[PDB]
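These notes are about the structure you will find just below.
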Ligand SMILES: O=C1NC(=O)[C@@]2(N1)O[C@H](CO)[C@@H](O)[C@H](O)[C@H]2O
Ligand SMILES: O=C1NC(=O)[C@@]2(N1)O[C@H](CO)[C@@H](O)[C@H](O)[C@H]2O
Ligand SMILES: *Cc1c(COP(=O)(O)O)cnc(C)c1O
Ligand SMILES: *Cc1c(COP(=O)(O)O)cnc(C)c1O
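Chains as they are written, first to last, in the authors' numbering: chain A, 13 to 842; chain A', 13 to 842. A prime marks a further copy of an entry chain.
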């Protein structure tokens, strides 16, 4: 059937009876009233059974051996569905396929019923998910820590061409994967004040909110390791949230509990944008406070909570603990770790600081200013008074370090301050992270260089040793074997299965680049993939596309820096050329643009309306026929990504050079047989570098060119004046060609494009359509297109998260990865 | 061990491995980290497994045979713990006891970990629970319908002698008994307006709240019948509760969902008191609207949703459906049933009315005016506009009936109106229920007579056939076999086990009233019970009592009509007499008073403070010694009741004649070997009537005497003037003898007692202490005390809820009870 594992005789039988056990005993249903959803759960519960045994021994293992623990703190974990992924990592896919088949059910149909764990916005969230899978696969004692939002990223609906947001009630029918652990609930404080008494400061008169943990298993790839993702839920105490007496109402008191529990209710839908709302800050301290107590408790036990030197010496803390800050979101971990060590454990400042710096590491994910976290002091002052005091003290000592290093450099002092003066004082969270971490890394080579050269230049001059780079990657399991079994099978037929946990072995595919059978096969799976997606489209969304055309897709969050607008300009150009010479042949294309716009991002939502507007015109022009289709992919999410990417021919990664930190979608397309048209931005550079620029479609300004233009000054009118095709499009938008009933509908876009384009869309227009002509030319030659594809696939190995994690492990965490199978799952009951 | 069933060889082994399966696979724990709470859940899950098989066949059964369905609507279901009860009804108690013993665990210790399902306030709620158990035991196709509050009756805490209320988060660790059924969610409307168009009225522009059902199994006693209790939870739709666009905030929109979900958040803690809050009314319509849709859907299928006459003829609706209104709380079912039939199904008014009256039955539970539901018209007008219109139309037609029957009786017209004019117009829910139900019943013989003679006199004259009586009862299973296995065993040793489902057989115990061994045994279990409670007291609450004293207990909600105050006056009297003649012998007593006061009931909370105040003085007077102890039983609830009642010697049922509708606690004490000192109120009359007044301690005014006094006019000063002992107590309260630091602390009680005593406490004082002297005298003669006890126990059979239900079944529902074992639980998988 494929190498989705063995469909053993004893195990298919075993699976079937356990499916029935759960359908009866767990679901309390009988075959005569069971619906596909019930069947999905019976299976989910059956699959989940297979990894509890391993989950228990893994955790017990780490307790016995006591290795250095890795704590990945992130406010986002974009997990997606987990049934198939679990089958794949446990080698259960074929057995389950067989068993459910024998039970008369279609496994694929049941898999489609599982709701996505949308606890993320995009790249940052998904990176965390891929990292978790890799950390498990590399046998690291790692824990993912975050917030269990009851509402994930909103579900996008397109009404009249506009995006409509609606709550993602992903828990509505329950989550068979999580395990509530009420017994490990912890208290988290807010507000209050600071009392300075005799021997130390005291955080007093605080409001208490409780943190209830929920553990989700994270299985490694076929190694019997099952790590843990712990997600905190907010709960109100039953005392004060009722007991602070003297009139108000008993009923009201109980109803008001949903005020402390609002902390974990919803994920902020912002991607690469900072919103200084109090609720956000609370979510940030909430996950940090709760996680740290869990971390220290585990440390207090270790082998110190037995003997060792005997005296809670936190000197070995860094040797046993490593906490990775996914961006500045969990930044409060630094002043919180200090607070506990100093205020509660009573360590001297300097010893506590040494410990903190040595266990904390920070990862930066963007350089755009509006994405930077700068919290107003008055907010921290009211909500976390002691933390503010600690931050000021950290600042005081840090700046003294700077003054001593750069005597008389008074401007450098204000520039490096964690505290920013002005309208309202703010705290630069990024500066805090750098000062309190022993390592700061970027997510792509150019991004990392930019940090050193620009944004964090002064910090780099101060401590050059802190700055590193760790190019992002993606997990080959979900992003290849799971979403594209067809491609994975033909690759395995030639080079084996060892590449799934060793993606570098894909290079061996280079020697089949002239193999006639392979070229035919690679081309076949892509055709099968395109047909399946073309079908899904009519199935779930309804209104035809042509599977023979080039599948031009751009899927990612909607941003001005991602330049979906530049993609739009090209689409309109193609249209206009066709209307000019109707009877001239052009390579057919289906351009699919999908992504979600943050609710408050007006421009982004305007762009979505533009895309649908172009489709309205283009898709109903008889002269165009089937040569050009414009489709907006609704509710783009992880599960949707697993469907489009394997069916894509052209991947669009056209951000303005220097704005996309790394990107990961680009890698997903490269490993799945799509060719990349993009700019020398983020990881695109390392991808072209790995496959060879000849096998990549690079165009536009480099970072240097962008800066040259800024010195000069960017004037869009110039481009409007010298390019008639560009002029024609802008005047089409301005006159209502794309919005008849509302002719001025797109005035904001035009206005912006001409007067305040921060991402110089016009500047890359000419080189973009010229480059698009080159991909069309190559698509006309199926054999050469497929051969270039094989060059990309065979050369994508570097982009696996196993590589990225192995580097974090060695160069930042100080631990050694291991591909050693944990001693089976085998029963056992001590 | 007792007749808690057989501890079979094959089943104890089977139990043990399933306990281990759940501890591993369900709880995801290993013996080395498992806590008593984990062990409790493993067992709970193991026990729950045994009744799903039966649950499924019972429900399937009713679907095949299609008998008349009984729907018990109540806003309260006081269930208590359900682990032991389930073991008892499935004959699993000994097997589980053995198995857990072999696993090295104490079952009793694990049972104490289960949280109480406190979805009730007291009597009314508990009656519903006992009814459910009886309906299952009598094989009725019955369904309990209510609200799944996430916070039940508050947990009472005594701080400085004052009651402190704190949220009852009973779901904190989960509920292994319920089964969420998201797939059967239903929509419920609120607000909106009424449009009168061409062919009918339309309820329009309504706010939608969703009702998610949760089913809990209700097993019959050893008959393999497992009925269903369906509890609705409120959920916000994800559309409008987000989709009603045009600024407000996306985050805020999601946070505001907890506004529609507040409907099922908390139970109103009022007992025998009406609070016209909007949230209450919403909870009332919510449970009614959701339940009715479920009822009609089931009816639409039946055997009509196949063939029959073919044409949705609701003429057979009454023949297939019966809905019992537990008080006036679910009264809106009447106008709602009309609304659906008329507005949606399009039946003519008269046909719809005939159907409604024929399927609805109402049960009254109190005659005190402040407990009567009278909803302001402006509230119904805004929240349920169409229902108001229907109620007015019902009223219009009903009054026309009256006018025709009593021509010219204009005062009778206004008196009988469902609409009450005055300050603000109100709707008398009780009048609505009578008009729209074919049967109205009281809960005790005298209570029922009072309804006919007083409160509903005019309605009785109009339709005398509607009025009936159904004396309350309690379930012998939980209230005897479960809480008192020792007594149940010795009874079984003599007369067998058939009395558990046939309590009348207890009469056969009369012939052992002179049996020397039996007297010794009955006396022994009561002593063992008293020792166990005396131990629990020091265990969980701490500060000694004497097990040799008479256990004088009064446990029920705190009310002025229950007269805990009268009990207080007696306690103080005993104290004063002892202080007068210290060296005179008196029968030792431990008087225990427990109960909860509604948060807003100032007097009730003042009484609790008085009780603790008396204990402070009395319990620390050296001259008193161990002859008199005053103890306030904290957090009185079902699980606490299962502990005190079996250890009681004297049961206090001293309400003012004519105010306690029936009472059920009184019955619990009678079946458990306690003697009753009480008034000729509620069911006390039928109890004394059954055991013989010689075996009862009756005192005080009868209803007649109370009325005579009211004609005359009640003047408490008179009693104060003629009784020096009474005078002494009042002056002790007035001067601070019981409240040194705050001498005027009890001015409200004294003031009330002397000037506004609605329940004439002083009037029954003399006859009360005189009567108390008689019980002390008899307690001095152990052999005669025990013989009178045997007379009560042997004569309590009439008070089983099986008898009550059998009467409802035959005289109101039109169904025949059956003690036929359902065809085993046996596997089966069609
Ligand atoms: O705030 C961000 N959202 C992202 O997706 C992001 N930063 O992080 C991702 C993971 O490092 C990057 O790939 C992406 O380029 C960057 O925009
Ligand atoms: O509102 C009420 N609360 C009660 O306990 C009550 N009415 O109903 C119970 C069950 O019918 C009665 O036993 C009780 O006497 C009555 O007060
Ligand atoms: C991989 C992924 C992303 C990141 O895409 P980029 O192109 O790096 O912005 C965003 N959303 C989803 C659903 C993803 O799978
Ligand atoms: C039986 C019961 C009641 C009713 O007691 P009465 O004496 O009828 O008021 C109230 N509370 C609990 C916990 C009960 O078990």
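The beta carbon of each residue, even a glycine, is placed where N, CA and C say it ideally should be.
Partner residues in the beta bridge of residue 663 of chain A, as assigned by DSSP, are A:565 and A:688. The set of residues whose C-beta lies within less than 6 Å of a heavy atom of ligand 1 reads, in chain order, A:134, A:135, A:136, A:139, A:283, A:284, A:377, A:378, A:383, A:455, A:484, A:672, A:673, A:674, A:675, A:676 and A:694. Distance from the Cα of residue 49 of chain A' is smallest, within the candidate group A':117, A':736, A':89 and A':83, for A':117.
Within the model, the alpha-carbon separation for residue 770 of chain A versus residue 120 of chain A is close to 45 Å.
Across the structure, residue 581 of chain A and residue 588 of chain A are spaced so that their CA atoms are roughly 11 Å apart. Looking only at A':240, A':288 and A':200, the smallest Cα-Cα distance to residue 249 of chain A' is reached by A':200.
Rounded to whole angstroms, the gap between the alpha carbons of residue 822 of chain A and residue 352 of chain A is 28 Å.
Under the criterion of beta carbons closer than 8 Å, residue 677 of chain A and residue 608 of chain A do not qualify as touching, at roughly 13 Å. In this structure, residue 351 of chain A has its beta carbon at no less than 7 Å from each heavy atom of ligand 4. Straight-line spacing of the CA atoms in residue 69 of chain A and residue 155 of chain A works out to 15 Å. Cβ atoms of residue 341 of chain A' and residue 834 of chain A' stay farther apart than 8 Å, at about 32 Å. The residue from A:671, A:95 and A:211 with its alpha-carbon nearest to that of residue 572 of chain A is A:671. Counting C-beta atoms within 10 angstroms of its own C-beta, residue 148 of chain A' has 16 or more neighbours from the protein chains shown and is therefore classed as buried. Close to residue 251 of chain A, with beta-carbon spacing below 8 Å, are these residues of chain A' in chain order: 178.
By the neighbour-count criterion, in which a residue is buried when 16 or more other Cβ atoms sit within 10 angstroms of its Cβ, residue 435 of chain A' is exposed.
Shown here, residue 497 of chain A sits in a helix according to DSSP, grouped into three states.
For a Cβ distance threshold of 9 Å, nothing in chain A' lies close to residue 754 of chain A: the least Cβ distance comes to about 17 Å. Between residue 411 of chain A' and residue 400 of chain A', the gap from beta carbon to beta carbon reaches 8 Å or more. Residue 153 of chain A' has its Cβ no nearer than 7 Å to any heavy atom of ligand 4.
The C-beta of residue 257 of chain A has fewer than 16 other C-beta atoms within 10 Å across all chains shown, which makes the residue exposed. Using a cutoff of 7 Å, the CB of residue 650 of chain A' counts as near ligand 4, since one of the ligand's heavy atoms is closer than that. The straight-line gap separating the alpha-carbon atoms of residue 665 of chain A' and residue 424 of chain A' is approximately 37 Å. Residue A':498 holds the alpha-carbon nearest to the alpha-carbon of residue 542 of chain A' among A':498, A':840 and A':518.
Residue 462 of chain A has its alpha-carbon roughly 36 Å from the corresponding atom of residue 601 of chain A. Residues of the segment 569-587 of chain A whose Cβ lies closer than 8 Å to any Cβ of chain A': none. The beta carbon of residue 653 of chain A sits closer than 7 Å to at least one heavy atom of ligand 3. Judged by DSSP secondary structure, residue 318 of chain A falls outside any alpha helix (DSSP H); it is assigned neither H nor E. Looking from the CA of residue 488 of chain A, the closest CA among A:226, A:87 and A:97 belongs to A:97. A heavy atom of ligand 4 is found nearer than 7 Å to the CB of residue 569 of chain A'. Going by beta carbons, residue 839 of chain A and residue 65 of chain A fall inside the 8 Å limit. For the segment 20-39 of chain A, the set of positions with a beta-carbon nearer than 8 Å to some beta-carbon of chain A' reads 32, 36 and 37 in chain order. Following the DSSP letters along the chain, one finds residue 586 of chain A' inside the alpha helix (DSSP H) bounded by residues 576-592. Shortest Cα-Cα distance from residue 210 of chain A' to any of A':355, A':467 and A':316 involves A':355.
When the alpha-carbon of residue 414 of chain A is set against those of A:578, A:128 and A:470, the nearest one is in A:470. In chain order, 755 place their CB closer than 6 Å to the CB of residue 748 of chain A', counting only its own chain and leaving out the 5 sequence neighbours on each side. Residue pairing by DSSP leaves residue 357 of chain A' without any beta bridge partner.
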